[PDB]
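Shown below, as C-alpha cells, is a lone chain in the form deposited in one PDB entry; questions about how it binds or moves come after it.
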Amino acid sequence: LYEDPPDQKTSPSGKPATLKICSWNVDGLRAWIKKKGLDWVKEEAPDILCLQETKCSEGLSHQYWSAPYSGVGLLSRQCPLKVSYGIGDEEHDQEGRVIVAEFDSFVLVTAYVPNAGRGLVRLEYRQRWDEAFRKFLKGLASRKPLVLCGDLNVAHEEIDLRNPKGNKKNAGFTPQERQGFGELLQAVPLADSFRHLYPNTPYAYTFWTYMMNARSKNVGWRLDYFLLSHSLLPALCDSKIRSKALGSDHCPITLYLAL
C-alpha cells in the first residue's frame, strides 16, 4: 500500500517549478491510446513527454521517434537545441532505444534499456549495453547537466521491488543488473531523484506484471526512474510516481524542475 505524496512544486530555495517532464513505458502506443492514455497526458499537461515501448514508429508539437518491438518517443512543448538518436555504438543502436534531446540548460536522454530476458538469455549482452551506456552518458554529462529518464529495467535495491528474495535470479533484480545501476550512478555521476527525496519509502513501484493480479496486490517493481546530474539537485522540486494512471503494465512518472 502506497499513496504518492502531494506534488511539491517549488525547489529547496523557493523557486517555482518551470519544467514538468513525464515518462511512461506505454506497452504499445496504439493499445495505450485505445486505453485512454493520451487523455491522462492531456490532463497531466507536461512540457516534455518521453515514451518507451511504442512498438510503432515509422502543447506537445515537437515530436521525435526512434524504432528498430521496442521503440521510444519524445514529445516537447518547446524545441530542443538538437535531437539525436542512439548512444554512438553500432551494436547498441539498432533497437530504437534512446533519444537525446538537448535544451539550453540541460540534456535530456530518454531510454528503454534492454531486458536481460527469460532464463537470463540476454544478460551477457545487457552487461555490455550497461557499460557502453554509462560511458556515453558520462560523455554527455562532462559537457552539460543531464536528465536521464525511462524504463531502466532494474530495481536497484530491495526496497524497489515487492519480492526481492524470489527475484534475485530473474531479469530486473540480478546482482549484475544491480551492480550495473550502482555503477551508472557513481560514474557519471547521477542521483536517483525519487530515492533522493524519499529514501526510506517502501512499496513505491512503477511496473506490475499483467499476470497474477499483481497491480491490485501492489506486487510491483520500480523500473522507471529520473536520474539527474548532481548540479541539478538544487532545481529538483519533486519526482512523482503516478500509481493510479492506467493504460499499460507501467505507470507514468513525473519530474518537476525549477530551471
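We number the residues from 1 along the sequence you see. Take the two forms, superpose them, and find the largest set of C-alpha atoms that agree within 1.5 Å; that set is the rigid core.
Continuity check for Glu58 and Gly59, given as deposited residues lacking coordinates between them: Unmodelled stretch: 10 or more residues.
Residues with no coordinates between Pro234 and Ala235 in the deposited sequence, how many: none, 1 to 3, 4 to 9, or 10 or more? Per the deposited record, the segment joining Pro234 and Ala235 has no missing residues.
Mean C-alpha temperature factor, higher of 28-36 and 200-208: According to the PDB entry, the answer is 28-36.
Of 48-56 and 224-232, the one with larger mean CA B-factor: Averaging CA B-factors over each stretch, the winner is 48-56.
Highest Cα B-factor in the PDB entry belongs to which of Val109, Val154, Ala116, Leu140? Answer, based on the entry's C-alpha B-factors: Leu140.
Among the modelled residues of its chain, does the C-alpha B-factor of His62 lie in the lowest, middle or highest third? Middle third of the chain for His62's C-alpha B-factor.
Could you place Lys82 in the lowest, middle or highest third of its chain by Cα temperature factor, using the values in the record? Answer is highest: the recorded C-alpha B-factor places it there.
Is the Cα B-factor recorded for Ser239 in the lowest, middle or highest third of its chain? Its C-alpha B-factor belongs to the lowest third of this chain's values.
Split the chain's modelled residues into thirds by Cα B-factor; is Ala258 in the lowest, middle or highest one? For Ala258, the deposited C-alpha B-factor lands in the middle third.
Taking the chain's C-alpha temperature factors as the reference, tell me which third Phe133 falls into: lowest, middle or highest. Middle third - that is where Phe133 ends up once the chain's C-alpha B-factors are sorted.
One more form of this protein exists, namely the form deposited in another entry; it is left out here, but the text below deals with it.
Superpose on the rigid core, then report which one of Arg122, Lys135, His92, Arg178 has a CA displacement of at least 2 angstroms between this form and the one not shown. Comparing both forms, the shifted residue turns out to be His92.
Shift in CA distance, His92 and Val26, in that other deposited form relative to the form shown here, given it is 3 Å or more: They are farther apart; the C-alpha distance rises by 3 Å or more in that other deposited form.
Might you say whether the CA atoms of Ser142 and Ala101 end up closer or farther apart in that other deposited form than in this form? Their distance differs by 3 Å or more. Compared with this form, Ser142 and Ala101 lie closer in that other deposited form.
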